[PDB]
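A short write-up of the structure that comes next.
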Amino acid sequence: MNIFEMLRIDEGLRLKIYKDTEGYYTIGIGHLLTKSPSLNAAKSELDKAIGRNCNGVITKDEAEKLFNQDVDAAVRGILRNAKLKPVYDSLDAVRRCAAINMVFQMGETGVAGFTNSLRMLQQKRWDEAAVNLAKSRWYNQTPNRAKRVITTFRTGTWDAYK
Ligand SMILES: Oc1ccc(OCCc2ccccc2)cc1
């Protein structure tokens with residue numbers, strides 16, 4: 001188990017443009033294309049991301065390459081964020097995967113709201129952090145995925161993905 005396998009489970013794999021749980025155009029392994037309601041806008045973003053005229057359809061290799069870029073962008077975003085980096089660096093490898101998973105899903109807009117969760121995680125107050133993480137729109141809107149991520153933070157094991 002690693003971050004790629006974890007997010008592949010949580011996001012699935014689809015080779016044609018689809019909509020995420022919020023209704024936004026997405027492709028591949030959870031690659032957001034646009035929040036615009038315009039399918040043409042999504043198709044432009046796709047062609048820009050892949051470097052060819054895709055017509056809304058990609059190959060598995062292309063989906064996996066976008067996925068690698070997206071995971072790396074999440075990691076680098078954590079490392080560049082003065083609030084997230086100290087917490088990330090305090091975690092073991094399995095819990096770091098849970099952190100990347102959340103940033104992959106929510107980006108930087110969730111940083112402020114998760115201030116108290118981040119403190120509890122840095123303090124290694126795992127049960128309290130798990131309770132706090134569930135008091136969120138994130139948990140209420142995607143509860144099964146959030147429960148898996150939270151269990152990973154609570155236990156430091158892959159039990160929720162096995
Ligand atoms: O959009 C978000 C949502 C939640 C966040 O924090 C919780 C997960 C985490 C833990 C350690 C290091 C980085 C991230 C950060 C951004």
Side-chain angles (χ1 to χ4, degrees), residues 1-81 83-85 87-89 91-107 109-114 117-118 133-134 136-153 156-162:
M1 294 233 67
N2 61 55
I3 182 59
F4 296 95
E5 293 184 18
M6 184 198 205
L7 276 166
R8 169 64 178 79
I9 288 162
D10 285 334
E11 302 286 345
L13 172 62
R14 289 165 182 92
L15 302 184
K16 297 177 286 197
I17 293 178
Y18 65 99
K19 289 180 174 184
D20 72 8
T21 64
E22 303 288 340
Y24 295 132
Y25 290 125
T26 304
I27 200 164
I29 306 168
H31 181 82
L32 172 67
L33 290 166
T34 182
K35 297 190 177 180
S36 165
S38 165
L39 178 59
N40 283 335
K43 287 174 167 181
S44 293
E45 291 302 303
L46 179 60
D47 289 356
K48 174 163 56 78
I50 306 297
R52 69 181 177 84
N53 189 342
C54 294
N55 191 33
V57 178
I58 62 176
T59 70
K60 188 166 172 294
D61 283 352
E62 288 166 345
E64 289 168 348
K65 185 169 181 176
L66 286 189
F67 182 45
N68 198 331
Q69 294 177 349
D70 292 344
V71 172
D72 291 341
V75 171
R76 297 302 286 280
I78 289 165
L79 296 178
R80 288 180 156 113
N81 185 300
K83 181 151 147 184
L84 300 184
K85 181 178 188 289
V87 185
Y88 185 78
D89 283 350
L91 297 170
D92 58 274
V94 176
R95 293 187 172 93
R96 283 181 185 159
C97 290
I100 298 161
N101 192 306
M102 293 191 72
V103 173
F104 186 101
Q105 186 178 1
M106 290 170 281
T109 67
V111 172
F114 288 80
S117 321
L118 287 160
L133 284 163
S136 62
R137 180 177 187 278
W138 170 61
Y139 175 92
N140 284 101
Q141 303 301 131
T142 54
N144 282 336
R145 195 245 186 89
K147 282 167 182 184
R148 289 194 291 277
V149 173
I150 291 173
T151 291
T152 309
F153 274 130
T157 77
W158 290 114
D159 284 358
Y161 290 85
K162 298 172 213 118

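The analysis underlying the following values was restricted to heavy atoms, covering all of them including side chains, and did not include hydrogens, waters or symmetry mates. Position 1 is the first residue of the sequence, and the numbers go up from there.
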### Task
Indicate whether the side chain of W158 and that of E5 have a donor and an acceptor atom separated by less than 3.5 Å.
no
### Query
Any donor and acceptor pair, going by atom type alone, linking the side chain of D70 with main-chain N or O of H31 inside 3.5 Å?
no
## Note on the structure
Nearest heavy-atom contact between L15 and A63 is CD2-CB, 4.2 Å
### Query
For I100, does its backbone N or O pair with a side-chain atom of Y88 as donor and acceptor, under 3.5 Å?
no
### Query
In Å, rounded to the nearest 0.5 Å, how long is the span from CE of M102 to CZ of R145?
9.0 Å
### Task
Working to the nearest 0.5 Å, report the span between NZ of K60 and CG of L13.
6.5 Å
### Candidates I78, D72, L79 - the one meeting side chain to side chain contact (heavy atoms under 4.5 Å, CB included) with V75
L79
### Query
Given side chains that start at C-beta, do those of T26 and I17 come closer than 4.5 Å, heavy atoms only?
no
### Query
Under the 3.5 angstrom rule, does the side chain of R148 hit a backbone N or O of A160 as a donor-acceptor pair?
no
### Task
Taking the side chain as every heavy atom from C-beta outward, state whether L133 and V149 have any pair of such atoms under 4.5 Å apart.
no
### Task
Just do the side-chain contact (heavy atoms from CB on, under 4.5 Å) check on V71 and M6 with the steps written out, would you?
CA-CA 11 Å; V71 172; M6 184 198 205; over 6 Å; no
### Query
In Å, rounded to the nearest 0.5 Å, how long is the span from CG of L46 to OG1 of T34?
12.0 Å
### Task
Assess whether salt bridge (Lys or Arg N to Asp or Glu O under 4.0 Å) is satisfied between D89 and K85, documenting all intermediate values.
CA-CA 6 Å; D89 283 350; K85 181 178 188 289; 2.7 Å; yes
### Task
Output yes when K35 and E22 qualify as a salt bridge under the 4.0 Å nitrogen-oxygen rule, no when they do not.
no
#### Entry: Spacing of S38 atom OG and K43 atom NZ [to the nearest 0.5 Å]
9.5 Å
### Task
May I ask you to check whether over 12 heavy atoms, not counting those of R52, lie within 6.0 Å of atom CZ?
yes
### Query
Relative to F67, does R8 satisfy both conditions: NZ or CZ under 6.0 angstrom from the six-membered ring centre, and within 45 degrees of the ring's axis?
no
### Task
I would like to know whether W138 and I150 meet side-chain contact (heavy atoms from CB on, under 4.5 Å); could you show each step before the answer?
CA-CA 11 Å; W138 170 61; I150 291 173; 3.9 Å; yes
### Query
Hey, is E45 close enough to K48 for a salt bridge, meaning N to O under 4.0 Å?
yes
### Message
Would the distance check show the side chain of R14 and the main-chain N or O of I27 forming a donor-acceptor pair, the cut-off being under 3.5 Å?
### Response
no
### Task
Begin from the C-alpha positions of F153 and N101 and carry the test side-chain contact (heavy atoms from CB on, under 4.5 Å) through to its verdict.
CA-CA 11 Å; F153 274 130; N101 192 306; over 6 Å; no
### Query
Between atom CE of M106 and atom OG of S136, what is the distance when rounded to the nearest 0.5 Å?
7.0 Å
### Query
Does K83 offer a backbone N or O that forms a donor-acceptor pair with the side chain of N81 under 3.5 Å?
yes
### Message
Within this structure, what is the CG-OG distance for the pair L39 and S44, rounded to the nearest 0.5 Å?
### Response
9.5 Å
### Query
If you look at every heavy atom in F104 and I29, which pair is closest and at what distance?
CZ-O, 3.5 Å
#### Entry: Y25 vs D20, side-chain hydrogen bond (donor to acceptor under 3.5 Å, both in side chains): CA-CA, chis, key distance, verdict
CA-CA 7 Å; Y25 290 125; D20 72 8; over 6 Å; no
#### Entry: Worked check of side-chain contact (heavy atoms from CB on, under 4.5 Å) between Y24 and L33
CA-CA 8 Å; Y24 295 132; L33 290 166; over 6 Å; no
### Message
Please find the pair of heavy atoms, one from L91 and one from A99, that lie closest to each other, and give the distance.
### Response
CD1-CB, 4.3 Å
### Nearest non-hydrogen partners of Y161 and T152, listed with the distance
CE1-OG1, 3.5 Å
### Which atom of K162 lies closest to which atom of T157, heavy atoms considered
NZ-CB, 4.4 Å
### Message
Using a 3.5 Å distance criterion without hydrogens, assess whether the side chain of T142 forms a donor-acceptor pair with backbone atoms of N140.
### Response
no
